[PDB]
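This document starts with one chain, in the form solved without this ligand, laid out as structure tokens.
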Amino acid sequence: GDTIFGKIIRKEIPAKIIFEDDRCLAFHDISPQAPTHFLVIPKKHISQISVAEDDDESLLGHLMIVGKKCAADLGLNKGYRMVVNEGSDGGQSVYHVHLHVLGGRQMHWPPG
């Protein structure tokens, strides 16, 4: 059940990597919807947040902490929006869990 995000983690295709550790990867979105638009993904293949396990909690929190640290480092001092999409109604484009982080512009309401 491989995805393009699997290929990015395995370094088989190019991505502009912002941050990496032993358990996650942050990289700029190829189809950016704001001046800054990046993704934070687990290296573990969790297909969708709906199937995340209880013992994934820390890992999921880690994505958010890394995301907020990356945002600060990228100069997003007026704020930002974090997004996780699930399933068809959520508009989940890739069946590998991913945290979007968008900023550098006013984000509007509703959030889609």
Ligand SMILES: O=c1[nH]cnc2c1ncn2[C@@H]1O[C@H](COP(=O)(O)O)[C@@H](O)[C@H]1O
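One rule holds for the numbers: they count along the sequence shown, beginning at 1.
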Greater mean Cα temperature factor according to the PDB record, 49-57 or 24-32: 49-57
Of 75-83 and 60-68, the stretch whose C-alpha atoms average the higher B-factor in the entry: 75-83
Top residue by Cα temperature factor, when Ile9, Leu102, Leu99, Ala15 are compared in the entry: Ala15
Modelled-residue ranking by C-alpha temperature factor, third containing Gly1: highest
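Omitted from view is the form solved in complex with this ligand, to which the following refers.
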Open or blocked: this ligand superposed from its pose in the deposited complex, cut-off 2.4 Å to backbone or C-beta: blocked
Touches this ligand in the deposited complex: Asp29 (any heavy atom, 4.5 Å): yes
Distance check, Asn85 to this ligand in the deposited complex, heavy atom within 4.5 Å: yes
Partner proximity in the deposited complex: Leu39 to this ligand, non-hydrogen atom cutoff 4.5 Å: yes
